[PDB]
């Protein structure tokens, strides 16, 4: 039988709370403040605005300044076009952490996408289900200040700088939504291939633009070291093709062993369409 899946945008209430400086208990207190905020959030709520600490803003600022040096030569065209929009409209500054609420309202206007806070990792099914309603489950906390440039888990710096500028792009938002739509009620096996295709496009994808390799994966756009690595000569690069890409292991603790190149967002979407027919 078909497993449960959300039928309307507020149905994400019943799956977004199904969550699946590490010896710093002060940081842990701060982290669970953020966790409770997301757990208590219900669809329709304004996303709670947070007063980030001076330490957190400094971390964001250290991440922001270094990444902005790399984006002109590394990030895809669409990313470069929307990032200034977010600076004008959502307060993307070195000295200010944008609020999820403001970014959510900006995205609703540009592509209909919206943000919902999440405490931690959901199942691939639950996480991809939000995309079907143009809802991106986003973390709200800031990484630990001892290491601004590496984080084991994604934080709001990764969401705001990695994911958000592409969610503002209609062609990308369509692609993302169709990943989630295909996932709704699909088999566990089918969810796992869709999540892997998501991983190697939304999170770690490359694209070719005017003969040049550029990055659009959010996990690259928020990682100073892997961003440079991906466009270096050290990187194994293969064409995006869902039937092989879905067989690739998604690495979490290291650099990816391979990065997949899409011809364009429209082309990755068409390839996804053919692939979901067969699954």
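Positions refer to the first chain, counted from 1. Take the two forms, find the largest set of C-alpha atoms that superpose within 1.5 Å, and that set is the rigid core.
- Comparing 108-116 with 146-154 by root mean square Cα distance to the shown form in 6 other deposited structures of this protein, with the rigid core used for the fit, gives 146-154 as the more displaced stretch.
- In at least one third of the other compared structures of this protein with flanking residues present, residue 20 is left unmodelled.
- Going from residue 20 to residue 21, the model skips 10 or more deposited residues, which lack coordinates.
- Taking the mean C-alpha B-factor of each stretch as recorded, 235-243 and 24-32 are not equal, and the higher mean is that of 24-32.
- Looking at 125-133 and 82-90 together, the entry lists the larger mean B-factor for 82-90, computed on C-alpha atoms.
- As recorded in the PDB entry, 95 shows the highest C-alpha B-factor of the residues 95, 159, 178, 102.
- Within the selection 152, 117, 170, 205, the deposited Cα B-factor values reach their highest point at 152.
- Among the modelled residues of its chain, residue 259 has a C-alpha B-factor that falls in the middle third according to the deposited record.
- Split the chain's modelled residues into thirds by C-alpha temperature factor. Residue 37 is in the middle one.
- Ranked by Cα temperature factor within the chain, residue 46 sits in the lowest third according to the deposited record.
- In the PDB entry, a CA B factor belonging to the lowest third of its chain's modelled residues is recorded for residue 219.
- Looking at the C-alpha B-factors along this chain, the one for residue 250 belongs to the highest third.
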